[PDB]
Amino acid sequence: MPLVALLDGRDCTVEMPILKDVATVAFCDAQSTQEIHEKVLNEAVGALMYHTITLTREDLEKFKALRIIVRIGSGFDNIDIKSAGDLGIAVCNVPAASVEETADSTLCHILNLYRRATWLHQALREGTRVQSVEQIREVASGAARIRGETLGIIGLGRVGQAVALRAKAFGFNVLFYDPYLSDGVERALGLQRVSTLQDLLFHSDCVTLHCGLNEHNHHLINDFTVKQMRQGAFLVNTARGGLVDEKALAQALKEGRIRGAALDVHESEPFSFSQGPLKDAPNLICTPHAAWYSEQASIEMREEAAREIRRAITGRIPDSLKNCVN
């Protein structure tokens, strides 16, 4: 049978029953290309991969039989799909499984910044004693009233729309910037749309990123862009690290130009509070790229990825594929 390999993973239990009579399945548990055994490079007809490994043109050229790559997730910026397309390699993803999980994690981070739950809990872990009202106000200093605040969403796709709908219920004003959507999309949803990134940053009290990382938005938030944000604004990023210049963010947090930030993604992952530009940045909440996760979402995307692999080997590429992103 054809060989299909899980590149940056070791567990294939969910995929096995779906691919049993279709392909030989093997895993590499690789963090890089040089960790992928020769057999895979030479014979692999298909590959399943998460977001922890990157495939450049050089890497893709090492596979000699590879005809399809399936990202067990939605973002495929860790792959050079254009070169994959040149090498005759179809690339697909699983766009729907974690939409709600990610939007809910986004709202969690937004609420943690406004309500300071994570920081208040920590203050308590460190032994802070809050006996009087004066003490309560001091320890919770910065906790804000949400109603009336403007939430600026950058990228109104699947997650952006889910966040917008949830945000409305807390009394947030929502605004969004998304240069690729057709006009009128904002009407059906009852949201306000702005024409440029600068307008969105200028009017938002809390900015949330929900765009895919592409060739035109690397470091969308940088030293120039950060200066266009309101004083004391919050930044939330559960989209892609690299959309944000950590150096510009660190300074901003240190200078107080940005009151706080919540990041589930970072320029360099895995993330560490002892390494990088955010080394000793104040008011920073971080999570290990886990916004997408729930037991149900994980199983859902893995079985969908498995089926897509099955369609590619049993059917016709790219005709039989449901989510090829070319």
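In this text, residue numbers run from 1 along the sequence as written.
Undergrad: Mean CA temperature factor from the deposited coordinates, higher in 76 to 84 or in 173 to 181?
TA: The deposited B-factors put 76 to 84 ahead on the C-alpha mean.
Undergrad: Per the record, averaged over C-alpha atoms, which has the higher B-factor: 216 to 224 or 153 to 161?
TA: Mean CA B-factor is higher for 216 to 224.
Undergrad: In terms of recorded Cα temperature factor, pick the maximum from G190, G241, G127, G142.
TA: Most elevated C-alpha B-factor of the set, per the entry: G127.
Undergrad: From the list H109, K254, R147, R115, select the residue with the highest C-alpha B factor recorded in the entry.
TA: Highest CA B-factor of the listed options: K254.
Undergrad: If you rank the chain by CA B-factor, which third does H121 end up in: lowest, middle or highest?
TA: It belongs to the middle third of the chain when residues are ordered by C-alpha B-factor.
Undergrad: When the deposited Cα B-factors of this chain's modelled residues are ordered and cut into thirds, is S105 in the lowest, the middle or the highest one?
TA: It falls in the bottom third of the chain.
Undergrad: Could you tell me which third, lowest, middle or highest, the C-alpha B-factor of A47 occupies within its chain?
TA: Middle third.
Undergrad: Going by the entry, which third of its chain does the Cα temperature factor of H289 land in?
TA: Bottom third by C-alpha B-factor.
Undergrad: Sorting the chain's CA B-factors, does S268 end up in the lowest, middle or highest third?
TA: For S268, whose C-alpha B-factor we compare with every modelled residue in the chain, the answer is the highest third.
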